[PDB]
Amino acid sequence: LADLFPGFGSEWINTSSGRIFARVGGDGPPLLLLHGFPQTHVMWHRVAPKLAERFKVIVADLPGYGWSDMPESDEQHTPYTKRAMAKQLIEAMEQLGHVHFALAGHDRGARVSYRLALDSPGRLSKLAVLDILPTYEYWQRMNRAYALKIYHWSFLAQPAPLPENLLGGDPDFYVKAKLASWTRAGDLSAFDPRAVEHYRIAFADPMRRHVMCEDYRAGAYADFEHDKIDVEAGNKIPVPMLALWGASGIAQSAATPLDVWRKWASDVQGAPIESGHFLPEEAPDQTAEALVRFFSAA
């Protein structure tokens, strides 16, 4: 596998729930980046160098993803709920001495991010989410048109081992299908071919695939229940927040993103990016520019 982060170090951060792998580089105030599905930390490889000029950038594999350890799930899918993932990543940042940091997440990592901001707002200086709406909002808007578009939210959440058996017949096909279908061009041209190999090799492991299904099972149940408690109680994110989305991405097909996040965050600014779902790879220059200005602002 290619090293897509030249100059960055490599670290294995031990937590009570398992080791967190991360690439480390830059200097300045600490900034944590989190990837999504079906990717790994290498999805940031074209914006992390630009961020590395001003911040100490930590690019971590989500718990259960990439090279991080895989905790054993349970009937509640507890280790792969976003609330448990947030606590483990907080533990990892304390191992590095970072108890107050900035955080940017994409796809599943952005879900860990806003849950982290709700459960423990004192840990974040600023927060940025990429091309998502809250899990609660995806499910409340689950009509016919949206069920067809994000079918995998319902399919991957089916009980074990039905989705795992189906994905095992040709796993290369499914990861390449999901990567291509969410870009604007509809193919794999926006991705560095060395980064695709990282995604393909990670998806080839059946234990990694089961972990991703546990992630989506938590997103259909416990993650939804946690978000439901927060909306019906009127709990908003008090951390200053940036919401970026692709003009052809997933979040915009559901609603108007800034209007929804205003209901969830007291201090939120937003902007679209001419791209599909994978902002830092389809539009690296504009995403990095939007992130640098926001985090270095006040």
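A residue's number is simply how far along the shown sequence it sits, counting from 1.
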Comparing 177 to 185 with 131 to 139, where is the mean C-alpha B-factor higher?
-> 177 to 185
For the stretches 104 to 112 and 74 to 82, which has the higher mean C-alpha B-factor as given in the deposited record?
-> 74 to 82
Could you check 43, 31, 258, 62 and tell me which one carries the biggest Cα B-factor in the deposited entry?
-> 258
Which third, lowest, middle or highest, does the CA B-factor of residue 192 fall in along this chain?
-> highest
Is the Cα B-factor recorded for residue 279 in the lowest, middle or highest third of its chain?
-> middle
Would you check the entry's CA temperature factor for residue 290 and let me know if it's in the chain's lowest, middle or highest third?
-> highest
Residue 88: CA B-factor among chain residues, third -> lowest
Lowest, middle or highest third: where is residue 13 by Cα B-factor in its chain?
-> highest
